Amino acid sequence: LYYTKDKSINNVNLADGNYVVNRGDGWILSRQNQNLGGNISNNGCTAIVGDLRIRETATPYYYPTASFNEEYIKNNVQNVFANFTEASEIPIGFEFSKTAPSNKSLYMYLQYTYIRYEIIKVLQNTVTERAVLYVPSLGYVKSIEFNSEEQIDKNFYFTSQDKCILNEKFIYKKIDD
């Protein structure tokens, strides 16, 4: 139930053509923040949440476009960057832990993180077309201390727009150079 603003700023200092670009790891997606559930502890207890995320839960999200279909995005990304399809066959685990402070309650929730790939079409200044792919990476926990009387900011529980919890990146490769 929220949103930001964007008028412009799509300038790209590179020649005409098509590019596959790694936009970085650590992306979290809108409205799915609490899908995996959350965890409550208190009074010096250590809480641990994790996941051994395999092929059947590592769902990629494709956002294709007129000239860039899903297969095209997949192949160009997997040729230059990590082969996520192959990697999905080998289970990897991650977990977070935090100790609830003394005489207080702690709430912790988990969500998946992603690597964002884009496939862009450019005309010597600006992006004319952009396809997007989110590849499942790992995960990320938000935590907060609370009591029953306390109101919590909406933005803690809920992301309305995709963002990166790390620094965004722009690592490019010209395709059909």
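Here the rigid core means the biggest group of C-alpha atoms that line up within 1.5 Å when the two forms are laid on top of each other. Sequential numbering from 1, following the sequence displayed.
J.: Once everything is fitted on the core, do the CA positions of 40-48 or those of 119-127 lie farther from the shown form in 5 other deposited structures of this protein?
T.: Farther from the shown form on average in 5 other deposited structures of this protein: 119-127.
J.: In 5 other deposited structures of this protein, superposed by the rigid core, which stretch departs further from the shown form in CA positions, 51-59 or 27-35?
T.: Output: 51-59, the stretch lying farther off on average in 5 other deposited structures of this protein.
J.: Tell me which of 52-60 and 110-118 has the higher mean C-alpha B-factor in the deposited entry.
T.: Per the PDB entry, the higher value belongs to 52-60.
J.: Check the entry's C-alpha temperature factors for 142-150 and 126-134, then say which stretch has the higher mean.
T.: If you average the C-alpha B-factors of 142-150 and of 126-134, the larger mean comes out for 126-134.
J.: Say you rank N167, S160, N22, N10 by Cα B-factor from the PDB entry; which sits at the top?
T.: Among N167, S160, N22, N10, the PDB entry lists the largest C-alpha B-factor for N10.
J.: Taking the chain's C-alpha temperature factors as the reference, tell me which third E86 falls into: lowest, middle or highest.
T.: Middle third - that is where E86 ends up once the chain's C-alpha B-factors are sorted.
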